[PDB]
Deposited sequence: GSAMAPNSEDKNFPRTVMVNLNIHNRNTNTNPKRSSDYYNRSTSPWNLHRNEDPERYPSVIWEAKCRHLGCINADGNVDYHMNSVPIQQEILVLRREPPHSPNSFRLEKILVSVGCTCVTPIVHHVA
């Protein structure tokens, strides 16, 4: 108890889409959440190479959820997993 622009998503070889994550009893209110565009990965010709995997990369973030519910003064410190982007990986059996 304590009192208190980027263009990679569309250029990647593992491009991703971006989603909003709304919750009014939470600070920050909206979080951009990435979603891998492809299963495989874009090759030199710009087609999908299914020999490779687009995989979402995640980050643990702290978030303040209002408690009691819908309270502008009291919050609970939470941890949620948020996909921030996609990388291209070799499958474990390549």
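Several segments of the deposited sequence are absent from the coordinates, namely 1-15, 20-34, 125-127.
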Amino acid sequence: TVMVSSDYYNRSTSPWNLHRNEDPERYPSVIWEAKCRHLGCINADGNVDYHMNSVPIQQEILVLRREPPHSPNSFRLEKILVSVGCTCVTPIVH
From here on, numbers count along this sequence of modelled residues.
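Between two forms, the rigid core is defined as the largest C-alpha subset superposing within 1.5 Å.
With 82-90 and 9-17 as candidates, the stretch whose CA atoms show the greater average offset from this form in 7 other deposited structures of this protein after a core fit is 9-17.
Higher mean CA temperature factor between 56-64 and 26-34: 26-34, per the PDB entry. In the PDB entry, the Cα temperature factor peaks, among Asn21, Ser12, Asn17, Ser83, at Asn21. Per the deposited coordinates, the residue with the largest Cα temperature factor out of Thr1, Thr87, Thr90, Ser6 is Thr1.
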